[PDB]
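Participant: Going down the list, the protein sequences come from chains A and P.
Remember, PDB author numbering sits 3 above the position in the first sequence when you count from 1.
So that you can map any letter, position 6 of the second sequence is 6 in PDB author numbering, and since no number is skipped, the others follow by simple counting.
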Amino acid sequence: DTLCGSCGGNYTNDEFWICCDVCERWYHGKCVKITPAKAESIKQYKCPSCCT
Amino acid sequence: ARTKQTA
Ligand SMILES: [Zn+2]
Ligand SMILES: [Zn+2]
Numbered sequence: 004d005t006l007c008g009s010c011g012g013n014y015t016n017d018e019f020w021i022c023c024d025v026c027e028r029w030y031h032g033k034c035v036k037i038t039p040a041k042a043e044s045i046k047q048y049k050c051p052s053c054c055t
Numbered sequence: 001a002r003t004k005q006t007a
């Protein structure tokens, strides 16, 4: 299955996940610190690694 | 953004 670009953890549907619009890695929302609500106010998401 | 929501 898909693995979190941050912690290497497995996708499970009891967790919120978000994808980077630049590098297209998938992440735990918890690892990159984005809640579902926060993500709603975000158009193009840039993951922490991509902000560097 | 692209997301996977909680079931
Ligand atoms: Zn993670
Ligand atoms: Zn990225």
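Even for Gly, the Cβ is constructed at its ideal location relative to N, Cα and C.
For a cutoff of 8 Å on Cβ pairs, would you count A/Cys7 as touching chain P?
Facilitator: No, its Cβ sits nowhere closer than 8 Å to a Cβ of chain P.
Participant: By the DSSP assignment, the beta strand (DSSP E) with A/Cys50 in it spans what residues?
Facilitator: Taken as a continuous stretch (DSSP letters only), A/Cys50 belongs to no beta strand (DSSP E), as it is neither H nor E.
Participant: How is A/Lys33 classed by DSSP in three states: helix, strand or coil?
Facilitator: Here A/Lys33 sits in helix by DSSP.
Participant: Since A/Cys23 is in the beta strand (DSSP E), which residue starts that stretch and which ends it?
Facilitator: First-last for A/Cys23: undefined, no H or E at that position.
Participant: With 16 other CB atoms within 10 Å as the buried threshold, where does A/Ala42 fall?
Facilitator: Buried, by the Cβ-count rule.
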